[PDB]
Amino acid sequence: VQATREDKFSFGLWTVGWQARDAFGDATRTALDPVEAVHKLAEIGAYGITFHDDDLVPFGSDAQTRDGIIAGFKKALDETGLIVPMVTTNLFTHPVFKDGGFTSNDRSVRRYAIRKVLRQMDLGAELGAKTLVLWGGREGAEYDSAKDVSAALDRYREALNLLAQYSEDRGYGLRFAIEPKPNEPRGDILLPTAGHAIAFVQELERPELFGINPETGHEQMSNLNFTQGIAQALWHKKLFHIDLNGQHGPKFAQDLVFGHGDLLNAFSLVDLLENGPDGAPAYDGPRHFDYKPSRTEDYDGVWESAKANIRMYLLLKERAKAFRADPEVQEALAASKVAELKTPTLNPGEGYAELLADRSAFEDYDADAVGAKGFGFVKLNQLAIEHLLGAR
């Protein structure tokens, strides 16, 4: 298969542009020119590109320099037809952000963090971005007594309400997506899982403008089921964006190509997103790859890895489709009663009074006979994997 613009595959400038300087060594690749990155991505089938302010315009560029970069950038976008669906701000690299951006203990840092973001929202709005992703990588602590969490949540909320206000007043029409991460670079990061971020979002002044940007490896860093948390984000209707990559359980963030980590969870994730209710996908935003080409590769490996993300997604999609169109799979689904969960537990108009009145729900319930019937889950799982394996 081949990717179409309708597939909505996007990449961060910082993914294919990662120079591969890790915590233990020097960069192994030279820097990637943004215009060149735009052209190469267009060529492999991406529909959009995203970036942190500091990825495009070097921190501290004078206004003439910044303007020049932006103009050349826009020309590339123009010529290739690529769009900018989301933009983000780097609030983690500069030493000033060592204790966080919006939640640094230092008040002045909190004021500067908000200004850095407002400036990025202007540029995002001018490039046509619809989503602002917020990754508080430095909001957290290494020691419990160093950070008042409650105060931190108050400050977090205080910054986000201002941003929504500015956006709404300027008519930018942006949606905000908080991206959870459990740890790294802080010992413990605030809003550690998709769940924590969703619960926080619900407390903002204008919750409807806020959702989450969950990343495959981030949830896997806590050994949580990514597809299942995505299912819950979809139930809340807070899946505003998604970051796809690979990870091997709890360890530093690996940022492997999507599907190269937990293959079976990648498979069930693609099934969830594309085989939504009513034939159609359950999610329609970008399919964004927030990964890193391995430190062992050169620029050839970089493009190979960019293309592997898309191939992985399309192969899994193909297998998820065949899975569902298989009359044997359908028969197994029926035997396992998956769909029966979709039927209300109470009858139409039944309340507690009528339930209490139904002796078949208790008094005459044969728990023991029901308890002995098998659900056929293993067999269902086996057919799923045989589809993934191309054995069916």
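Residue positions are given as counts along the sequence shown, with the first one as 1.
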{"item": "Stretch with the greater mean C-alpha B-factor as recorded in the entry, comparing 302-310 against 161-169", "value": "161-169"}
{"item": "Of 67-75 and 252-260, the stretch whose C-alpha atoms average the higher B-factor in the entry", "value": "67-75"}
{"item": "Candidate residues 371, 25, 376, 12, the one whose C-alpha B factor the record puts highest", "value": "371"}
{"item": "Highest-ranked of 53, 363, 340, 326 once sorted by CA temperature factor in the record", "value": "363"}
{"item": "Lowest, middle or highest third - CA B-factor, residue 153", "value": "lowest"}
{"item": "Residue 120, C-alpha B-factor rank within chain (lowest, middle or highest third)", "value": "middle"}
{"item": "Residue 179, C-alpha B-factor rank within chain (lowest, middle or highest third)", "value": "middle"}
{"item": "Chain-relative CA temperature factor third for residue 241", "value": "middle"}
{"item": "Assigned third (lowest, middle, highest) for the C-alpha B factor of residue 388", "value": "lowest"}
